[PDB]
Amino acid sequence: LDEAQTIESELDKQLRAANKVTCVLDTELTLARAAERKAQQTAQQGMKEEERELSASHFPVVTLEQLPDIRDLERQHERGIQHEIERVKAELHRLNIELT
Amino acid sequence: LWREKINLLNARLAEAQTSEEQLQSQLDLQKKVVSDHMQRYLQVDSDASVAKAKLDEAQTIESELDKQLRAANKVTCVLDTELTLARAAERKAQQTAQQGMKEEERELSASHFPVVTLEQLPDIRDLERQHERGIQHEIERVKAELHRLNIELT
């Protein structure tokens with residue numbers, strides 16, 4: 001019985017190590033699931049296939065390791081599209097000026 | 001902000017670890033008490049009857065304490081994970097904060113950039129790049145104006 005109690009202590013220590021692993025991964029997976037459902041909701045807006053391939057152009061393909069970077073990559077690509085939009089606007093108004 | 005978070009999580013983690021260690025100490029003492037009351041039950045209103053009663057009570061308390069320890073383990077790990085994230089970010093924050101600045105440059109940057117709360121502390125890393133976007137656009141615009149004035153100079 002004493003030996004069984006010692007083995008119980010050993011098994012308890014092993015179970016506690018497993019518990020630490022489980023809880024760390026639990027925190028990580030809770031955050032991951034929250035963020036994934038957030039992104040899915042933002043993606044539920046839906047794209048036509050034409051729109052999907054149109055967006056596939058000029059947009060970056062970003063991996064999991066760069067997951068923090070895709071957030072600001074969205075906004076930096078938005079800034080680039082802003083540059084292009086406002087530049088063609090700058091040319092377009094001058095085109096209208098010359099048209100008149 | 002990382003140092004603040006780190007200190008808070010340090011205190012919380014330390015107290016949780018102390019409580020968990022006390023739980024483990026009680027569990028092991030229950031095991032020792034089981035062994036001792038078993039020996040008393042062997043070698044001694046008699047002492048043996050009291051030893052038997054205390055042995056059963058100690059086993060029940062052992063189960064209670066084991067389950068309490070199992071439950072208490074998780075919170076310590078959550079606190080430790082948060083603290084690890086805070087420390088990992090704090091090292092880079094310290095490194096990037098000390099790069100070098102005049103107090104005048106500190107006034108310049110502080111008066112332009114937001115003060116940050118803890119929830120905005122994760123947001124500060126993304127806010128750096130975001131603010132850099134607009135600052136870059138302004139840099140290029142003022143650069144174009146500078147080139148125009150250079151043409152005027154010529």
> With respect to B:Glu138, is the statement that it is part of a helix (DSSP H, G or I), of a type in the set (D, E, K, R) and closer than 27 Å to A:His83 by Cβ true?
Replying inline: yes
>> Suppose we keep only residues that are hydrophobic (A, V, I, L, M, F, W, C) and more than 21 Å from the chain's Cα centre (by Cα) within region B:16-33. Which one would you say is nearest to the other protein chains (Cβ to nearest Cβ)?
In response: B:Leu27
> Quick one: is B:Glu119 of a type outside the set (A, V, I, L, M, F, W, C), surrounded by 14 or more Cβ atoms within 10 Å (Cβ to Cβ) and under 30 Å from B:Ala11 (Cα atoms)?
Replying inline: no
> Is there a residue in region B:88-102 that is charged (D, E, K, R), within 30 Å of the chain's Cα centre (by Cα) and surrounded by fewer than 13 Cβ atoms within 10 Å (Cβ to Cβ)?
Replying inline: yes
> What is the number of the single condition among (1) within 12 Å of chain A (Cβ to nearest Cβ); (2) within 35 Å of the chain's Cα centre (by Cα) that B:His137 does not meet?
Replying inline: (2)
>> So the check is Cβ under 6 Å with 6+ separation or different chains; which pairs have a first residue in region A:1-14 that's at the interface with chain B (Cβ under 7 Å from one of its Cβ atoms) and part of a helix (DSSP H, G or I) and a second one that's surrounded by 12 or more Cβ atoms within 10 Å (Cβ to Cβ) and of a type in the set (D, E, K, R)?
In response: A:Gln5/B:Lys31
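Can you pull out every residue in region B:65-102 that is in a helix (DSSP H, G or I) and away from chain A (no Cβ under 14 Å)? Full working, then the answer.
Initial filter on region B:65-102 (in a helix (DSSP H, G or I)): B:65-97.
Result: B:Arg87, B:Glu90, B:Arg91, B:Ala93, B:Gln94, B:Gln95, B:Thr96, B:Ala97.
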> Hey, among the residues in region B:34-55 that are more than 12 Å from chain A (Cβ to nearest Cβ) and among the small types (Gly, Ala, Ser), which one's farthest from B:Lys92 (Cα to Cα)?
Replying inline: B:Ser46
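No Cβ is skipped: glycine too gets one built from the backbone with ideal geometry, and neighbour counts run over all protein chains shown. Only the coordinates and a few stated rules stand behind these numbers; no lab work does.
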